[PDB]
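Please treat every number below as a calculation from the coordinates, not as lab data. Neighbour counts are summed over all protein chains in view; Cβ atoms, including those assigned to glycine, are modelled from backbone coordinates with ideal geometry.
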Ligand SMILES: COc1ccc(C2=N[C@@H](c3ccc(Cl)cc3)[C@@H](c3ccc(Cl)cc3)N2C(=O)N2CCNC(=O)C2)c(OC(C)C)c1
């Protein structure tokens, strides 16, 4: 009974690029897959792994900043919610 969401096109493209196959997800699944996108594309700092640099990537278009820490929860949840609809 978790809320189901339907990502908008750019978010869906990111999710499918890391092997998600569906069109509707829970918020925890969206977060998991975005994390995997960062990990697979090596967008994090090797020393302080919470730090992401996304300026030269579509992820930067999603979050609207060139860099962020994964501790920026308000920004991360807000930008994900701007990029989906509830089902
Ligand atoms: C010490 O290094 C860490 C510690 C925590 C995270 C993290 N933290 C998790 C997280 C972060 C923010 C929210 Cl709002 C929810 C979950 C989740 C995540 C989910 C979405 C995004 Cl956009 C980024 C990361 N997320 C992860 O995706 N992790 C967990 C740890 N290792 C991983 O391989 C993947 C982390 O993420 C990297 C991808 C940058 C690195």
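Specify the residue with the greatest mean-square fluctuation among 30, 52, 65, computed from a Gaussian network of the chain linking alpha-carbon atoms under 10 Å apart.
Of the options given, 65 has the highest mean-square fluctuation.
Helix-derived [θ] at 222 nm for the chain: sum -39500 (n - 2.57) over DSSP H runs of at least 4, divide by residue count, nearest 500? Write down the numbers at each step before the final one.
Numbers: 4 runs with 39 residues, N = 87.
Result for the chain: -13000 deg cm²/dmol, rounded to the nearest 500.
Tell me the angle of helix 27-40 to the major Cα principal axis of the chain, expressed in degrees between 0 and 90 and rounded to the nearest ten.
Orientation of helix 27-40: about 40 degrees from the principal axis.
How do 51, 76 line up, fewest other C-beta atoms within 10 Å first?
In increasing order of surrounding Cβ atoms, one gets 51, 76.
Please list, short to long, the whole-number percent of alpha-carbon pairs of the stretch 31-87 in consecutive 5 angstrom bins beginning at zero.
4, 18, 32, 29, 11, 4, 1, 0
Round to the nearest 10 and give me the degree value, 0 to 90, for the angle of helix 73-82's Cα axis relative to the longest principal axis of the chain.
Compared with the principal axis, the helix lies near 40 degrees.
Report the extension gain between residue 8 and residue 86 in nm, rounded to one decimal, defined as 0.36 nm multiplied by the number of residues separating them, less their alpha carbon distance.
Full extension of this stretch gives 27.0 nm more.
Treat the count of other C-beta atoms within 10 Å as a stand-in for reagent exposure and order 32, 63 from fewest to most. The partial results should precede the final answer.
Details: 32 15, 63 21.
Least crowded to most crowded, the residues run 32, 63.
If we count other beta carbons within 10 Å of each Cβ, what is the order of 74, 82, fewest first?
74, 82
Apply the Kirkwood formula to the stretch 1-62: the hydrodynamic radius equals the inverse of the mean of 1/r over all pairs of different alpha-carbon atoms; give it in Å with one decimal.
Evaluated over the stretch 1-62, this radius sits at 12.3 Å.
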